[PDB]
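Visitor: To start, I am sharing the structure in question, which I have written as structure tokens.
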2 protein chains.
Amino acid sequence: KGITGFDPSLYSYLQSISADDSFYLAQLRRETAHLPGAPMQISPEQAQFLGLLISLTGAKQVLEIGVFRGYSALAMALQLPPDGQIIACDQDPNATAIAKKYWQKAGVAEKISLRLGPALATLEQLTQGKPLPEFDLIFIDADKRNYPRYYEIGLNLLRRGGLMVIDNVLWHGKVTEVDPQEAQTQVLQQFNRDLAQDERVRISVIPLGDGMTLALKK
Amino acid sequence: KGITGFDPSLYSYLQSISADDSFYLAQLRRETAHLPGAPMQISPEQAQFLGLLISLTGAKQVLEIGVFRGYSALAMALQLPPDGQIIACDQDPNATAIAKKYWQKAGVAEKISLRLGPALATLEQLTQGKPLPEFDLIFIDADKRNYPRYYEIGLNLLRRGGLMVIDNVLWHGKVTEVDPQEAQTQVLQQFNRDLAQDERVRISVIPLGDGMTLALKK
Ligand SMILES: Nc1ncnc2c1ncn2[C@@H]1O[C@H](CSCC[C@H](N)C(=O)O)[C@@H](O)[C@H]1O
Ligand SMILES: Nc1ncnc2c1ncn2[C@@H]1O[C@H](CSCC[C@H](N)C(=O)O)[C@@H](O)[C@H]1O
Ligand SMILES: COc1cc(/C=C/C(=O)O)ccc1O
Ligand SMILES: COc1cc(/C=C/C(=O)O)ccc1O
Ligand SMILES: [Mg+2]
Ligand SMILES: [Mg+2]
């Protein structure tokens, strides 16, 4: 998917000087490139950056919303500590069944707990937990319509100092539309405007893939 | 300076949804915008990302190469722990004198140790130190001709797990030139190619400002 709004020629170069995916990440991405939905997955550049954040941050407790075939979860899982844990939320049983196949295949399935079913229902159960779980990092990358909800609910399930990571903030450049007619564009426009003055977090909008925002909880 | 190779219209939006600089950072950047060289400074987006990395990483020992009027050093310094320290290296006494004026003015001059004189001479003294200093993060942003040296020397002065940050890796898009005639372009082209297969680090090329690479030491 390259980089939204980035020069095609400069993106090719950026790729030239970027790191290849490890074996199983590359394999997962390579073997499923044919199946529909593959374009929804984060780019290889985002996966590398994502794994770099798990390491740099020291994260052990991760919460992913929007799993699909497990590519992003796998990227992070490969950098988790021996006691690292990922709670993966996804509504699709078929794509997620493929995710499970590759996680166990890479030996990180032990560090990933898939929660099949609507993400909101799962978040509600997490907040209803005794004691209240608190993740070091949360990756929001599912249905855009519910981003405001996932951010808010996840923000209280995030430790102070934790990092929220949201994908698709530049939404194919549609965010520049004056009167957006598409629902996801409208929801993302308001989401970005709201987050730009959310004084509970210190943010950084990064142009990798379809745009990703890093929100560090104060 | 926007973002090298990024859409001007999308960059304006990205700015719209980005965080403003704190008082003294904005003030420093605002009051010196008239002086020559101001365009060399990292963009506001990079400063925000830079401060976010100091926090997320837990860095206490920082090494900056390429100080100028102190903007980047100030961005990082404002996020340092009470015991945080920055060793700032710069050859220019006049621009650096202005840097000092703003650091003390923001109350972080206590956490910044300016080393005036050729960066190589200063790095040589740091490596000649007893005991050998080891930084958590190193920001290389000076004369491009010496990037290979600053990276190599700094890499051994960096702790394992530490983070190397290099600016200007996309060098005004000149990195795409087939037969670059400019020295900095040639040096940066080789630098990026060498770093892309440097197995001592895990990298990520980020398109913010004039391109910045994050190299996490294994
Ligand atoms: N309401 C909902 N609850 C849970 N999952 C949902 C959902 N709406 C959409 N999803 C999931 O959101 C996912 C977005 S694609 C995720 C891609 C993955 N992060 C990667 O980069 O590899 C889809 O798999 C879809 O099944
Ligand atoms: N050989 C050398 N040794 C030390 N400093 C050098 C040098 N060559 C260039 N420099 C310094 O490299 C700096 C690059 S500009 C630095 C901008 C600063 N990082 C910011 O973003 O605010 C200049 O101030 C120049 O004085
Ligand atoms: C459903 O959520 C997503 C949708 C897309 C769609 C991409 C495209 O249409 O090319 C991409 C990434 C997503 O996370
Ligand atoms: C000397 O090092 C630098 C030079 C420039 C030049 C920018 C321009 O010419 O517009 C920018 C950033 C630098 O770190
Ligand atoms: Mg996405
Ligand atoms: Mg620079």
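The chains in the structure tokens are called A, B, ... from first to last as shown; in each chain the residues are counted from 1, and the ligands are counted from 1 in the order shown.
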Identify, counting only C-alpha atoms and all ligand atoms, the protein, DNA and RNA residues located within 8 Å of ligand 4, and give them as a list in words.
Guide: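 Checked against 8 Å with only C-alpha atoms and all ligand atoms; the hits are residues 1, 37, 39, 40, 41, 42, 66, 141, 142, 143, 144, 167, 168, 172 and 210 of chain B.
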Visitor: With N, CA, C and O atoms retained, write the just-selected residues as an mmCIF file, in the first residue's frame.
Guide:
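Final file, again-v3.cif:
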data_model
loop_
_atom_site.group_PDB
_atom_site.id
_atom_site.type_symbol
_atom_site.label_atom_id
_atom_site.label_comp_id
_atom_site.auth_asym_id
_atom_site.auth_seq_id
_atom_site.Cartn_x
_atom_site.Cartn_y
_atom_site.Cartn_z
ATOM 1 N N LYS B 1 9.935 23.312 6.915
ATOM 2 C CA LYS B 1 10.483 22.471 5.810
ATOM 3 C C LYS B 1 9.533 21.353 5.348
ATOM 4 O O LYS B 1 9.886 20.548 4.473
ATOM 5 N N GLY B 37 20.031 30.070 8.180
ATOM 6 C CA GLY B 37 20.221 28.739 8.726
ATOM 7 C C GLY B 37 18.976 28.127 9.355
ATOM 8 O O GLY B 37 18.924 26.917 9.553
ATOM 9 N N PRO B 39 16.276 27.190 8.194
ATOM 10 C CA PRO B 39 15.752 26.063 7.402
ATOM 11 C C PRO B 39 16.432 24.712 7.703
ATOM 12 O O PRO B 39 15.893 23.650 7.380
ATOM 13 N N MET B 40 17.621 24.762 8.304
ATOM 14 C CA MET B 40 18.375 23.557 8.658
ATOM 15 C C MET B 40 17.765 22.845 9.855
ATOM 16 O O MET B 40 17.970 21.647 10.029
ATOM 17 N N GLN B 41 17.043 23.584 10.694
ATOM 18 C CA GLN B 41 16.428 23.001 11.886
ATOM 19 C C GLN B 41 15.375 21.947 11.545
ATOM 20 O O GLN B 41 14.696 22.041 10.512
ATOM 21 N N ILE B 42 15.238 20.953 12.422
ATOM 22 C CA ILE B 42 14.240 19.915 12.226
ATOM 23 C C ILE B 42 12.889 20.613 12.273
ATOM 24 O O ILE B 42 12.743 21.657 12.911
ATOM 25 N N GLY B 66 25.180 18.162 16.130
ATOM 26 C CA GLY B 66 24.515 19.102 15.246
ATOM 27 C C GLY B 66 23.482 19.807 16.105
ATOM 28 O O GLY B 66 22.318 19.410 16.146
ATOM 29 N N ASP B 141 22.793 14.906 13.380
ATOM 30 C CA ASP B 141 22.180 15.903 12.518
ATOM 31 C C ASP B 141 23.129 17.072 12.203
ATOM 32 O O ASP B 141 22.772 18.243 12.356
ATOM 33 N N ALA B 142 24.334 16.739 11.752
ATOM 34 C CA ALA B 142 25.339 17.740 11.413
ATOM 35 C C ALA B 142 25.770 17.597 9.954
ATOM 36 O O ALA B 142 24.967 17.228 9.093
ATOM 37 N N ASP B 143 27.047 17.883 9.690
ATOM 38 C CA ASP B 143 27.610 17.799 8.344
ATOM 39 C C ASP B 143 27.484 16.380 7.802
ATOM 40 O O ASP B 143 28.024 15.434 8.365
ATOM 41 N N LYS B 144 26.752 16.249 6.700
ATOM 42 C CA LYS B 144 26.485 14.951 6.089
ATOM 43 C C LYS B 144 27.714 14.157 5.670
ATOM 44 O O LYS B 144 27.699 12.926 5.675
ATOM 45 N N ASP B 167 19.038 12.257 10.921
ATOM 46 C CA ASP B 167 18.189 13.109 10.100
ATOM 47 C C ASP B 167 18.764 13.363 8.706
ATOM 48 O O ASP B 167 19.962 13.220 8.488
ATOM 49 N N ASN B 168 17.884 13.730 7.775
ATOM 50 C CA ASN B 168 18.229 14.027 6.381
ATOM 51 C C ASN B 168 18.557 12.815 5.519
ATOM 52 O O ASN B 168 19.371 12.911 4.603
ATOM 53 N N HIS B 172 16.314 16.024 0.537
ATOM 54 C CA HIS B 172 15.593 16.788 -0.475
ATOM 55 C C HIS B 172 15.237 16.011 -1.742
ATOM 56 O O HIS B 172 15.084 16.595 -2.814
ATOM 57 N N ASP B 210 13.008 16.083 6.708
ATOM 58 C CA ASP B 210 13.787 15.631 5.557
ATOM 59 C C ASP B 210 14.169 14.151 5.640
ATOM 60 O O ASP B 210 15.199 13.731 5.103
#
Visitor: Using only C-alpha atoms and a distance of at most 9 Å, pull out the residues of chain B that contact chain A, as a PyMOL selection string.
Guide: chain B and resi 4-11+13-19+45-46+48-49+52-53+55-58+161-163+170+173+175-176+192-197+202-208+214+216
Visitor: Could you pull out the strand (DSSP E or B) residues of region 11-199 of chain B, going by DSSP on the backbone, and write them as a VMD selection string?
Guide: chain B and resid 61 to 65 85 to 90 112 to 116 135 to 140 158 to 167
Visitor: Taking the backbone alone, and naming residues the way the document does, which bits of region 112-216 of chain A are alpha helix (DSSP H) by DSSP, as a count of residues only?
Guide: 32
Visitor: Could I get the residue neighbourhood of ligand 1 at 8 Å, counting only C-alpha atoms and all ligand atoms, as number ranges by chain?
Guide: A: 37, 40-43, 47, 64-73, 89-92, 95-96, 116-120, 140-143, 146
Visitor: Compile the contact shell of residue 158 (chain B) as a PyMOL selection string: residues with an atom at most 8 Å away, counting only C-alpha atoms, same-chain residues fewer than 2 positions apart removed.
Guide: chain B and resi 134-138+154-156+160+162-164+217
Visitor: Hey, which of B:59, B:87, B:99, B:78 ends up closest to ligand 2? Count only C-alpha atoms and all ligand atoms.
Guide: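 Counting only C-alpha atoms and all ligand atoms, the residue closest to ligand 2 is B:99.
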Visitor: Which neighbours of residue 28 (chain A) fall inside 10 Å, counting only C-alpha atoms, when residues of the same chain fewer than 5 positions from it are skipped, and could you give them as a list in words?
Guide: residues 21, 23, 33, 69, 70, 71, 74, 98, 99, 101, 102, 103, 105 and 106 of chain A
Visitor: Out of A:26, A:38, A:201, A:108, which residue has the shortest atom-to-atom distance to ligand 5 when counting only C-alpha atoms and all ligand atoms?
Guide: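 That would be A:38, the residue with the smallest distance to ligand 5.
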Visitor: Can you measure atom 14 (C, counted along the ligand's line) of ligand 2 to CA of residue 218 (chain B) for me? One decimal in Å is fine.
Guide: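 The value is 27.6 Å.
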Visitor: Record the distance separating CA of residue 54 (chain A) and CA of residue 94 (chain A), expressed in Å with one decimal.
Guide: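 Between CA of residue 54 (chain A) and CA of residue 94 (chain A) the gap is 27.1 Å.
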